[PDB]
Every structure is written in structure tokens, then in C-alpha cells.
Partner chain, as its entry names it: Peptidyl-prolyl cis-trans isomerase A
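Heads up, the chain below is alone and in the form solved without its partner chain; it's given as C-alpha cells.
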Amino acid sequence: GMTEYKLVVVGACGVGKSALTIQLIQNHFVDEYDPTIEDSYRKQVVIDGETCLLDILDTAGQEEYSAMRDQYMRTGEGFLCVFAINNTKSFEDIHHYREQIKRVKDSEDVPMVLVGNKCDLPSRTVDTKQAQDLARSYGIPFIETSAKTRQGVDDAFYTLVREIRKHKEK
């Protein structure tokens, strides 16, 4: 089979995980999507000449059983860590997601991309500099996105694939 990349989108409720995923997969902005629905979505794409499958889990937070969270973190190859640029708590929550994924995977080297979503809004509490400082500290890319306008969306997901590739080559 062509290569499949198992991607996981994490972040506080309301940051735009579902909107980002639907924009990536379907090329539409869906502005209302039940915050409690967690599902996976698939898309066949070409990234840097490679035809591959993206298998993307749009997470929604607590699970019936914590074992289910641990399972998707172990299975997942790369993580989009999403905050919203107008929600400081969502940015602070990134520290927890970074930790928890590393902890479950028992790894110091987990492909991740920091994503600051809702960049179409002038209303902003997290400046680009602050997010760059966090991404620098993690040694990962940082991309500002808008699920609404599609700015940065392919970049976020494709950059995460490229980070998975760099991890694999070791």
C-alpha cells in the first residue's frame, strides 16, 4: 500500500481542530461542528511528489477510558498541537499536550507542529513572538493558520508529514 501517515490533532476545546481538519480534507469551512465528536478522516494527497494517505484523528478531549487516549497517542505518528491566537488558556494548555504525548509514547522525539489558529481575527492575546518562543523551546515548527480562509492549513499538515519523515530516517 502507499504510505499512510497517522496524524493526530490535539488542543483545547474551541481552538478549531475540527474546522482545520475539515478544511484540509474537504476544502470547506464548517463553522459549527459539535465540540464533543471525535473521529478520524482520510485523504489521499501528493506531498513533495509522494502519493500518500493522511489518516487524521480530530480529537475531542477526555475519552470513555484513559486507555483510549493512550492508544491513539501511541498509534499516532505526529501531532498538531493547536491553540487559538485569541485564547491564552488554549496556549497555556499546549504545555500539557506536549508533556502528555511524550509521556505516553515514552519518547523525547515525537513529531509535532505548533499551530496558532484563527489568524483571520485581529483580536489576539497570543503574539507571534510568544508562540515562536515556545516552538523554539520545543525544537518544532510553528505555523499560524486560519481554518476560515484556509491560510496555512496545507502547510500545517504537510509540515507535520515532513517532520514524521525526518524522524523515520534516523
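Numbering follows the first chain given and starts at 1.
In every other compared PDB entry of this protein that covers both flanking sides, residue 144 is modelled, so it falls short of the one-third threshold for missing coordinates.
Residue 61 is a gap in at least a third of the other entries compared, counting only those with both neighbours built. With 29-37 and 65-73 compared on mean CA B-factor from the PDB entry, the stretch scoring higher is 29-37. Relative to its counterpart among 103-111 and 53-61, 103-111 has the higher mean temperature factor, C-alpha atoms as listed in the PDB entry. Out of 15, 160, 24, 9, it is 24 whose C-alpha atom has the highest B-factor in the PDB entry.
Annotation for residue 131: CA B-factor lies in the middle third of the chain's modelled residues. Sort the modelled residues of the chain by CA B factor and residue 125 lands in the middle third. Split the chain's modelled residues into thirds by C-alpha temperature factor. Residue 44 is in the highest one.
Omitted here: the form solved in complex with its partner chain. The next part is about that form.
Among heavy atoms of residue 142, none comes within 4.5 Å of its partner chain in the bound PDB entry. Residue 37 belongs to the set of residues with a heavy atom inside 4.5 Å of its partner chain in the bound PDB entry.
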